[PDB]
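Q: Sharing a structure below in C-alpha cells format, with a few things to ask.
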Amino acid sequence: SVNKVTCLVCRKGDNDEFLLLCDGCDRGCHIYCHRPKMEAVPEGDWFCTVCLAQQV
Amino acid sequence: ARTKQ
Ligand SMILES: [Zn+2]
Ligand SMILES: [Zn+2]
C-alpha cells in the first residue's frame with residue numbers, strides 16, 4: 001500500500017510529508033487540499049469522509 | 001495521525 005496512497009482531492013501521490021493518511025482505511029489527503037484549512041498534520045487520529053460515513 | 005512519508 002502506503003507508497004501507493006493518493007490524495008482524495010487532487011488524486012496525486014506527491015509531497016508525501018503533507019499527505020495525511022486515514023486511520024480507518026487506505027485513503028489520504030494533502031493537508032493543503034483539505035477544506036476547511038488544516039495547517040499541520042494532526043497529533044490525534046484522523047478519519048476520511050468514507051470512514052466517517054460508517055460511524056454511528 | 002501520520003503521513004505517507
Ligand atoms: Zn491533494
Ligand atoms: Zn478512511
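Each chain in the C-alpha cells gets a letter, A, B and so on, in the order shown; residues start at 1 in every chain, and ligands are counted from 1 in the order they appear.
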Which residues are near ligand 2 in this structure, taking near to mean any atom at most 9 Å from a ligand atom and counting only C-alpha atoms and all ligand atoms? Format them as a PyMOL selection string.
A: chain A and resi 21-28+46-52
Q: Applying 8 Å and only C-alpha atoms, which residues near residue 2 (chain B) remain after dropping the ones on its own chain fewer than 5 positions away? List them as a CSV table (one decimal) with N, CA and C atoms, in the first residue's frame.
A:
chain,number,residue,atom,x,y,z
A,20,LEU,N,-1.6,13.3,4.4
A,20,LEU,CA,-2.3,12.7,5.6
A,20,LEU,C,-3.0,11.4,5.3
A,21,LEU,N,-2.7,10.4,6.1
A,21,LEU,CA,-3.2,9.0,5.9
A,21,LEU,C,-4.5,8.8,6.9
A,41,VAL,N,-0.2,18.6,10.2
A,41,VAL,CA,-0.7,17.2,10.4
A,41,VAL,C,-1.2,17.1,11.8
A,42,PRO,N,-2.4,16.5,12.1
A,42,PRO,CA,-2.9,16.5,13.4
A,42,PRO,C,-2.2,15.4,14.3
Q: Could you give me, as a PDB file with C-alpha atoms, in the first residue's frame, every polymer residue with an atom at most 12 Å away from an atom of ligand 1, counting only C-alpha atoms and all ligand atoms?
A:
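File produced: part18.pdb:
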ATOM      1  CA  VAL A   5      -1.673   6.245  -1.457  1.00  0.00           C
ATOM      2  CA  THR A   6      -3.032   9.272  -3.287  1.00  0.00           C
ATOM      3  CA  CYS A   7      -4.906  12.378  -2.163  1.00  0.00           C
ATOM      4  CA  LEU A   8      -8.690  12.139  -2.286  1.00  0.00           C
ATOM      5  CA  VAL A   9      -8.977  15.732  -3.500  1.00  0.00           C
ATOM      6  CA  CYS A  10      -6.244  16.217  -6.117  1.00  0.00           C
ATOM      7  CA  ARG A  11      -5.583  12.488  -6.887  1.00  0.00           C
ATOM      8  CA  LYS A  12      -1.765  12.840  -6.748  1.00  0.00           C
ATOM      9  CA  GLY A  13       0.635  10.934  -4.505  1.00  0.00           C
ATOM     10  CA  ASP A  14       3.373  13.580  -4.299  1.00  0.00           C
ATOM     11  CA  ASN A  15       4.527  15.712  -1.326  1.00  0.00           C
ATOM     12  CA  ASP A  16       4.421  12.669   0.969  1.00  0.00           C
ATOM     13  CA  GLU A  17       5.156  14.612   4.191  1.00  0.00           C
ATOM     14  CA  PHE A  18       1.980  16.700   3.620  1.00  0.00           C
ATOM     15  CA  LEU A  19      -0.092  13.646   2.681  1.00  0.00           C
ATOM     16  CA  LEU A  20      -2.299  12.734   5.604  1.00  0.00           C
ATOM     17  CA  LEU A  21      -3.232   9.041   5.922  1.00  0.00           C
ATOM     18  CA  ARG A  27      -7.133   6.756   1.742  1.00  0.00           C
ATOM     19  CA  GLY A  28      -5.305  10.064   2.131  1.00  0.00           C
ATOM     20  CA  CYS A  29      -5.469  13.785   1.762  1.00  0.00           C
ATOM     21  CA  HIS A  30      -2.861  16.506   1.462  1.00  0.00           C
ATOM     22  CA  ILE A  31      -3.222  18.922   4.332  1.00  0.00           C
ATOM     23  CA  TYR A  32      -3.132  21.744   1.753  1.00  0.00           C
ATOM     24  CA  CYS A  33      -6.030  20.249  -0.263  1.00  0.00           C
ATOM     25  CA  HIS A  34      -8.209  19.864   2.820  1.00  0.00           C
ATOM     26  CA  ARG A  35     -11.073  22.294   3.392  1.00  0.00           C
TER      27      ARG A  35
END
Q: Where in chain A does DSSP assign strand (DSSP E), given as number ranges by chain?
A: A: 19-21, 28-30
Q: I need the residues in chain A that are alpha helix (DSSP H) according to DSSP; give them as a list in words.
A: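 Here are the alpha helix (DSSP H) residues of chain A: residues 49, 50, 51 and 52 of chain A.
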Q: What separation in Å, quoted to one decimal, exists between CA of residue 43 (chain A) and CA of residue 4 (chain B)?
A: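 Between CA of residue 43 (chain A) and CA of residue 4 (chain B) the gap works out to 14.7 Å.
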